[PDB]
Structures are given as C-alpha cells and as structure tokens.
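Asks: Sequence and experimental coordinates follow.
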Amino acid sequence: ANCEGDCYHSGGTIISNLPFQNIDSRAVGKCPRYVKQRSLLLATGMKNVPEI
Amino acid sequence: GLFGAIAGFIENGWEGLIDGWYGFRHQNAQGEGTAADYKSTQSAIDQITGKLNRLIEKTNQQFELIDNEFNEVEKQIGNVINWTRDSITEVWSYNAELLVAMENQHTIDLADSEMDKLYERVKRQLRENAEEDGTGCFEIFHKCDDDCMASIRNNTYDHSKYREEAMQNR
Amino acid sequence: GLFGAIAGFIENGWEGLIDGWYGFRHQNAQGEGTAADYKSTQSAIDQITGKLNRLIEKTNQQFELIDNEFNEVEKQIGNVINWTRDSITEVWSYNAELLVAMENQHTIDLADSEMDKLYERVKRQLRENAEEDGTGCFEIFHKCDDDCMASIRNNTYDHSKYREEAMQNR
Amino acid sequence: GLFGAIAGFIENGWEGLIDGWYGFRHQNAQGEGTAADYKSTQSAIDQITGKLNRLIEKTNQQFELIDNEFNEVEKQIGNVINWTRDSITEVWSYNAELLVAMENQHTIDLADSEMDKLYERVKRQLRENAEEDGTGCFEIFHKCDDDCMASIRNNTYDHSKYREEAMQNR
Amino acid sequence: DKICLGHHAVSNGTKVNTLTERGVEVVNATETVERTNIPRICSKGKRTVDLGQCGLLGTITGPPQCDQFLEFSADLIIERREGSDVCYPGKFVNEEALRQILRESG
Ligand SMILES: *[C@@H]1O[C@H](CO)[C@@H](O)[C@H](O)[C@H]1NC(C)=O
C-alpha cells in the first residue's frame, strides 16, 4: 500500500519513466512499450577520445 | 564525426578538463593554463537534456487485459491475440533501436558541431594576429600574457592593438 | 544550428528582406543597400517543397468496418478489436511525432547550411582583398562602389583587378 | 548537400579517377599528375558499410500461420485478421520508406562531409604557402615539383622550408 | 606563444551504437529499456480487493470462499491462481467475456 504504481503484471509493478521495458509483454496499465532488447543505450555525451 | 573536429583535426581530448566540456589551454611566456568555455558547454548540454526531456516522458494511454493466464482462452482467438501482440512488439523493438541509433548519431555530430563553432569563433577573434597551427591550436605572434588570453576567452580581445606587431611578425 | 551561421555569429535577421531569404547588405561611400540572392534561396525552397512533396500525399490502402457503432459487437472480440486499434493509434502517434521532430531539426540545420555556403562563396570570391569582420560581414580594404557590389553578387568579382590597392592597405 | 563540397563549389567529379573516392590532381612544371587519397576513402567506405551491416541482417522472431489459403476461415475473425495484417503491412511500408530516405540523405551529406574534411586538411597543411582558388584548388606560390606534391599527399609537407618564397611572391 | 582549443574525455568510456558504427565509445550514456521491477503490487490510493481463493465469477454465484466479496467494491481487482469460481462443479458460458466485464466493473 505504501508504494505507488500504475503498471502491473504477474510479477509485480513497473515503476519507471523510461519509454520501454523488457519485463512482461502482457503488462497492463499505463505501461512503457515492451521491446525485445535487453538494453538500448542512449548517448548523453560526445565521443570519448583519450590519450593513446 | 561529420564536422571532423572531435576525432578529427583535434587529435584527442584532455582527460583533465573537468570544469566543463570544451575549453582553451594556452602556452605563453607566463606558463601553461587550461580553463573551460561555459558558453558552448551549456549550448551542448542544453540540447542533450532537450533530447532526454523529450524522450523520457510517459503517454496516458492505458491498456486492459484481453487474454487470461490462469484460465486459458479459446485457441483461435488466443493465436490471433498472440500473433497481433508479436507483430506489435516487433514494430516497437524496431522503432526503439532505430530511435536510439539516430539520436546517438545526431548527438555525436552535434558535439562535433559545437566544437567547430567555438574554434571558428576564436579564428574570427584573432583575425590576422594568429595562424592556424592545424591541431586546433592557434599560433599567436604578439606577446599574449596571462591577461591577454583572458581577453581571448571573454571575447573582449581587441585585435587592433596587437595587429601592428603581429602583422609585421609575418 | 549545426553550422553556427543562423543565430550563430550572425546576430539576428533582417525583417525588411521580403525580396528573398538570404541577401547582401553593403555600406560604402555611396550609401547602404540590401539585395537578395536567388541561388541560395531557391536551392533551399526547392528542398523544403521537396520534403512537403514527399510527405503530402496519401496511401492507396483502403480499410473496412470491422465493428459496429449502433449495435455493439460481442464483448470479447470487441475488446480485442479495441486493444488492437488503440495499439495502432499509439504506434502512428509515435511515428508522426518523431517524423515532425526529426524533419524540423533537419530543416533548420539545412537553412544554417545554405547560409554558411553563401558566406563561404563570397569569401572565395573575395580573396585576400578583404578580411572577415566577425559578425558575418566582409571588410574590404579597397574601394567598392555600387557596381563593385553588384559584381560581387553576380560572382563576377575579379580579385586581381583590386589586388594591389587593397593588399598595400593591410 | 549540407556541406557544399560535392555538387557545391567543387564543380564536379573526375570519371577518370578509379583508384579511390577522393583525390588530388596537380598541374606543375613537370606536367599533370593525379592520384587518390586513401584515408578519406576508407573512412567514408567503412561508414557506409557500417550502415549496411546494421541493415543487412534478419530477425530470429518467427511468425506462425493464423489463416488458411485453401479453406477460408470464419468471416468475422477473417476480416479482423486481414484488417490487422493490412494495418501492420502499412506500418512497415512507412518505416521502410522513411528509413531508406533518411539513410540516403545522411549518406550523401556524409560523403560531402568527408570531402570538406580533406580540403580543410590540406588548407591547413599549406598555412600561408598557397591561396584559396574558389573551385577547390590550391594556388601554390613556390615551385613545388612532383616530389613536394607527394610530400603534400603524405602530409610530410613542411611549410616553413618553402615559406620565404611563397610569402614574398604574394 | 600559442593558444589551443579542445574538448574533454574520460578513461572509463561507455559504448553505444549508432547508424554508422556498432560500439562507438562515448562519455556518458543512459538506459532507455527499464528492467527494474518491484516484486509487489503497489496500490497507493486505490481500493484493492485481493480475491485470493475466491474466483472473480464466484462473486456473482457466491460459493463459500466468495462470501466475503458478495458486494465488494474496488478500483483495482487482483485475481490469484488459487481462485475457484465454483463449489458445485460447472462453468459459465462466455466466461471470459463476463470476466472482462467484471474486471472494469468497480
Ligand atoms: C471500444 O471503443 C469504443 C470507442 O473507442 C467504445 O465506444 C466501445 O464501447 C469500446 N468497446 C468495449 C467493449 O469497451
């Protein structure tokens, strides 16, 4: 009762602001869309060019 | 990237620059000094956080339950439901991968852009008083002391004063 | 933008320039003038109406009614139909949003591109007889009358026939 | 394109060039000679083949049969199935057309980009020993032979050796 | 004598994928695919009914296990695997349709 959510499945609750999930394809509620990929990394920085 | 500054004519970046993203590092008579540029650093971070805020935000469409787990539904409508859901999950997996990829490509080609914009602002500051080294460094002809470099940073550098000397030092 | 010309080193735009999109503004002994450039304005608007022409056209696929508005269909098949339709609506909303976003970004970066292409053409015409102002202007050391400028705007300017006069004016 | 090198100020390309993609073509006292530049060629090539690697591969996700070609299914569920499949087919057609159109735009602008990066590389090798043509040529001032040219195309060119002559010949 | 322009970098890069390259290394990236699950039913601000052994359809007919839910009222209805819609054996016709009705019934 203390925790607050709006997306459920047989295994629990999906609390997340991210647009995707890899938890349960059948999840109900206001849910991020289910995708096959384990991880999709979005770049938030420039190319790392260090000293060789 | 597309602008050939990062991983381009600037061979590598400085692992010690922690003040910000892009900056200057001068060598002059009074010793070495490295210090960032807030203007373009913020110009890039504002854009990256724009991508994020636009992306990490939820839709208000709520979906209900149409099949059953404990008491399986009829076989034909179940195979149709599963078929539909697999086609949708395929679409979304593709949209997600393509999205992340193109936002990363545009992010790198954006930071490259902001770097080339900074270098091409310094270039127009130092009109004829300095020559492009080639490794993103500017060779100043006149005597630029640790207070003159600050004028180069603040965009307050008046080239008319030093033009007399540096021109002749051709 | 990516190229740093529009809302970059160019401070702002000329609200009066209803003659075109980009243009030249000259200041010399005979006064101040503003003219347009058909080449770059056209090479831009061609591209934009290219986008419109690629998007503003509909599909030839025809759909049919598969439920009923006055006599609601069976509950289970209606809930399946609804879930599928709402899923499609979500997908098409996403594709539309990202389409407009990524086409607008590339529109603006395209305009930036055309501006920077013009400002580099005018330099390669205006070889060392002129220096880069910094605000997107060209400071010419020799004397250009109105016919001189109109010869720059036609790509007819010859730098040799003004080479000496200006070079000595370093 | 976005960078105005290919189909920009460089009037056109060289059908005679079959060694690589971008190259140099010089006309000095010892006659004309032209040969290709490998680093830019292999850059653009490795990028375009990167796009192909990301595209040319297939999903492992397997789809079953939900209808029948010989003995048509019940009419209502068949119309729901055909409606779903038509909607998905429509979606994938849109995703495909958009993907190809944007990968082409980006590809073209990327080759344009690599051209601008080579031109701007040499422009910084020849610091003050040459002047900007305007059509992608570099008007040298000192007597560069067929060995000093090969020192350009290896970047081994030292501008300080040949600075005096080209400077004076301004 | 000179002044140099440049950017930053770190010794611990994070690898992402782009249109043109797989595994290009960048400074800082984030995750777009959530895997952090909460192993509970979070019900802050929702009238919940944990049916348990009572099946959802048994709230209409009223077998013994469902006595406590004869006139339930909820915003979130939680079913369990141990639910039993019947005591005397049988089954509802179009049972999943009536289930979907009662799930959005309040
Ligand atoms: C399906 O949605 C429509 C409107 O979107 C609504 O009128 C109809 O009642 C819904 N069907 C069911 C079974 O809830």
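Replies: The structure has been received and is ready for your questions. Numbers count the residues shown, from 1 in each chain, chains lettered A, B, ... in the order given.
Asks: Any figure for the gap between the residue sitting nearest the centre point of chain A and residue B:18?
Replies: Taking Cα atoms, centre = their mean as the criterion, residue A:21 is the residue nearest the geometric centre of chain A, at 3.8 Å. From residue A:21 across to residue B:18, the span is 35 Å (Cβ to Cβ, to the nearest Å). Every C-beta, even on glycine, is put in place using the N, C-alpha and C of the backbone.
Asks: How about the contacts made by residue A:27?
Replies: A:7-9, A:14, A:21, A:34 (Cβ atoms under 8 Å, 6 or more residues apart in numbering or on different chains).
Asks: Run a quick neighbour tally on the residue in chain A that the ligand sits nearest to.
Replies: At 14.7 Å from the ligand, residue A:28 is the closest residue in chain A, using Cβ to the nearest ligand atom. Neighbourhood size, residue A:28 [other Cβ atoms under 10 Å in any protein chain shown]: 15.
Asks: re the thing from before, the residue nearest to the centre of chain A touches residue A:35, doesn't it?
Replies: Yes - counting by Cβ atoms under 8 Å, residue A:21 does reach residue A:35; the two are 7.4 Å apart.
Asks: Quickly list what's touching both of those two.
Replies: residue E:33.
Asks: The closest residue to the residue of chain A closest to the ligand other than its chain neighbours and residue A:10, how far apart?
Replies: Excluding its sequence neighbours, the residue lying closest to residue A:28 (Cβ to Cβ, 6 or more residues apart in numbering or on different chains) is residue B:65, at 5.0 Å. Distance of residue B:65 to residue A:10, computed by Cβ to Cβ: 11 Å.
Asks: So residue B:108, which state does it fall into?
Replies: Secondary structure state of residue B:108, per DSSP: H, G, I helix; E, B strand; the rest coil, is helix.
Asks: From what I see, it and residue A:43 are in contact.
Replies: Yes - counting by Cβ under 8 Å, residue B:108 does reach residue A:43; the two are 6.8 Å apart.
Asks: Looking at these two, which is more packed in?
Replies: The residue with more neighbours, out of residue B:108 and residue A:43, is residue A:43; 30 against 24, by other Cβ under 10 Å.
Asks: Looking at residue B:65 and residue A:10, which one has more neighbours?
Replies: residue B:65 (18 against 11).
Asks: Correct me if wrong: the more buried one contacts residue E:104.
Replies: No - the criterion here is Cβ under 8 Å, and residue B:65 misses it with residue E:104 at 9.5 Å.
Asks: which residues touch residue 21?
Replies: Because you didn't say which chain, this covers chain A. By Cβ under 8 Å, 6+ apart, the neighbours of residue A:21 are A:14, A:27, A:31-35, E:33-35.
Asks: hm, I was asking about chain E
Replies: Taking Cβ under 8 Å, 6+ apart as the test, what residue E:21 contacts is D:47, D:50.
Asks: For chain E, which segments count as helices?
Replies: With helices called from DSSP state H, chain E shows them at E:58-61, E:95-103.
Asks: Then chain B?
Replies: B:38-55, B:75-125, B:148-153, B:159-168.
Asks: Could you export these to JSON lines, including columns for distance to residue D:9?
Replies: Shown next, in JSON lines, are the helices of chain B (distance: least, Cβ to Cβ, whole Å):
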{"stretch": "helix B:38-55", "distance to residue D:9": "27"}
{"stretch": "helix B:75-125", "distance to residue D:9": "18"}
{"stretch": "helix B:148-153", "distance to residue D:9": "31"}
{"stretch": "helix B:159-168", "distance to residue D:9": "28"}
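Asks: Can you say which of these is nearest to residue E:78?
Replies: Residue E:78 sits nearest to helix B:75-125 of all the helices of chain B, at 22.1 Å, using Cβ to Cβ.
Asks: Ends of stretch A:16-27, what's the gap?
Replies: 13 Å (Cα to Cα, to the nearest Å).
Asks: got it, and stretch E:31-47?
Replies: 34 Å.
Asks: One more: stretch E:27-44?
Replies: 38 Å.
Asks: wait, does that stretch make contact with chain A?
Replies: Yes - using Cβ under 8 Å from any Cβ of the partner chain, stretch E:27-44 reaches chain A at E:27-44.
Asks: buried subset of the residues you listed?
Replies: E:27, E:29-30, E:32-34, E:37, E:41-43 (16 or more other Cβ atoms under 10 Å in any protein chain shown).
Asks: What is the nearest of those to residue B:142?
Replies: Among these, residue E:27 lies closest to residue B:142 (Cβ to Cβ), at 36.0 Å.
Asks: does that closest one really touch residue E:12, like I thought?
Replies: No - shown here, residue E:27 and residue E:12 do not form a contact pair, counting by Cβ under 8 Å, at 9.4 Å.
Asks: Pairing partners for residue A:8 in the sheet, please.
Replies: Listed by DSSP bridges, the beta-bridge partners for residue A:8 are residue A:13, residue A:28.
Asks: In contact with it, which residues?
Replies: With Cβ under 8 Å, 6+ apart, residue A:8 has these contacts: A:14, A:27-29, E:41.
Asks: State the distance from it to residue A:23.
Replies: 11 Å.
Asks: Kindly report the same for residue B:145.
Replies: 61 Å.
Asks: How about the residues of chain A by chain E?
Replies: A:1-5, A:8, A:11-16, A:18-23, A:32, A:35, A:37-50.
Asks: Tell me how many other residues surround residue A:45.
Replies: Residue A:45 has 23 neighbouring residues, counting by other Cβ under 10 Å.
Asks: Residue E:22 now?
Replies: 12.
Asks: got the contact list for whichever residue of chain A sits closest to chain B?
Replies: In chain A, the residue that lies nearest chain B is residue A:46 (3.6 Å; Cβ to the nearest Cβ). By Cβ under 8 Å, 6+ apart, the contact list for residue A:46 reads B:6, B:21, B:44, B:107-108, B:111-112, E:7, E:26-27.
Asks: could you pick out which of those are near chain C?
Replies: Counting by Cβ under 8 Å from any Cβ, no member of the contacts of residue A:46 is near chain C.
Asks: now whichever residue of chain A sits closest to chain D, nearest residue through space, not along the chain?
Replies: Residue of chain A nearest chain D, by Cβ to the nearest Cβ: residue A:36 (7.4 Å). Nearest non-adjacent residue to residue A:36, counting by Cβ to Cβ, 6+ apart: residue B:93, 4.4 Å away.
Asks: separation between the one you found and chain C?
Replies: 12 Å (Cβ to the nearest Cβ, to the nearest Å).
Asks: now do residue E:46
Replies: Residue E:46 is 22 Å from chain C, by Cβ to the nearest Cβ.
Asks: do residue E:84 as well
Replies: To chain C, residue E:84 is 22 Å away according to Cβ to the nearest Cβ.
Asks: and residue E:49, bridged to which residues?
Replies: Going by DSSP bridges, residue E:49 forms beta bridges with residue E:77.
Asks: Would you agree it is in contact with residue E:78?
Replies: Yes - counting by Cβ under 8 Å, residue E:49 touches residue E:78, with 6.5 Å between them.
Asks: Who has more neighbours out of the two?
Replies: Neighbours were tallied for residue E:49 and for residue E:78 using other Cβ under 10 Å; the higher tally belongs to residue E:49 (18 against 14).
Asks: Now do the same contact list for that one.
Replies: E:69, E:72-74, E:76-78.
Asks: and if we set it to 6 Å?
Replies: E:72, E:74, E:77 (Cβ atoms under 6 Å, 6 or more residues apart in numbering or on different chains).
Asks: Please identify which of those is nearest to chain B.
Replies: Scanning the contacts of residue E:49 for proximity to chain B, where the rule is Cβ to the nearest Cβ, the winner is residue E:77, at 10.5 Å.
Asks: before we move on, the earlier item: what about the residue of chain A closest to the ligand, distance to residue B:57?
Replies: 20 Å.
Asks: same deal with residue B:109?
Replies: 24 Å.
Asks: who's more crowded, these two?
Replies: Taking neighbours as other Cβ under 10 Å, residue B:109 and residue B:57 compare with residue B:109 leading, 22 against 10.
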